[PDB]
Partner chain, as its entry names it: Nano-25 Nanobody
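Take a look at this single chain in structure tokens; it is the form solved without its partner chain.
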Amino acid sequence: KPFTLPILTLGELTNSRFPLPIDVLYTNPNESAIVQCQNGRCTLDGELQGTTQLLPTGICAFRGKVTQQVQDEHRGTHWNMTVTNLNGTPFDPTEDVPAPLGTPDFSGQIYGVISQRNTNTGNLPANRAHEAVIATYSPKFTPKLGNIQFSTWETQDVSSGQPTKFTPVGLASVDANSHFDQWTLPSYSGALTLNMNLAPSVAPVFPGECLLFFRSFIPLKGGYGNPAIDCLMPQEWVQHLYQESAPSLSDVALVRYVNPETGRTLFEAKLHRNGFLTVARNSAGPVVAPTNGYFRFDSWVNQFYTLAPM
């Protein structure tokens, strides 16, 4: 069965690491961190890896139940919640995953809305929702152990023991004390435990090559900044590769970024078997390309193929 990519333009793609549209292609060759994100991870033959799951609505979302308000030396109001699988079934910590699928894969203050619909009931249940922040770098962020902490501006109107949803929206802050680093993984089981079942790190092997990302800009609750989240493949590629399950015939698929109005190839890239792109580019920053362009699968090559410079 032949390998294919979806025919979707940049303006028809979404980020696999946060619920955002793709804004631009992007490179950063001087990146010093190890790139090992856990969402948006899928091999070219369709094996999901890390915490990757198929629902766009599951990315950085949580489902569970608040157990109690908790004391914390930090300002604000703090709540403990158990976390289940996204479909509501209990999370099995013995499963071969780093954490419940969809768990955020980066260090930061993730901003969103906690909402609740009571189980007890004109026989209709009570509801509430409030802005909330989850600090994924905190020792209380232990989703692989089945529970996390979130905090609210609201000081009273969160109910214990009731079904709870976290809808992610953006970041609370990216200032110098906000610990935002998109390439630093959370410790899914806490500070004395090793992360397990991780999707592997990704890097260019060929000299002169760098990773190519699908970049989205992420909203902020306040403060200064222009934070972005870079994913290795958009969520629609994850979904396509999973459905097609096409055998990888070499370690590298050659792909070309095509302008369909004119038929010209703007650049070529290596699509690696583990699910990421490299290009021969010596510049950092966005790629200037029309959003009607798209990646086209051209051939299976090997790791020694020399890319045309970008």
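Numbering follows the first chain given and starts at 1. Shifts are known only where both forms have a C-alpha. Here the rigid core means the biggest group of C-alpha atoms that line up within 1.5 Å when the two forms are laid on top of each other.
From this point on, the text means the form solved in complex with its partner chain, which you will not see here.
Its partner chain in the deposited bound form comes within 4.5 Å of a heavy atom belonging to residue 201. Within this chain, residue 33 lines the site of its partner chain in the deposited bound form, having a heavy atom no more than 4.5 Å away. Proximity of residue 196 to its partner chain in the deposited bound form falls outside the 4.5 Å heavy atom cutoff. Contact check for residue 208: a heavy atom falls within 4.5 Å of its partner chain in the deposited bound form.
Contact residues in stretch 286-310 (any heavy atom within 4.5 Å of its partner chain, taken in the deposited bound form) are 302, 303, 304. Displacement of the C-alpha atoms by 2 Å or more across three or more consecutive residues between this form and the one not shown, following core superposition, is confined to the single run 72-74.
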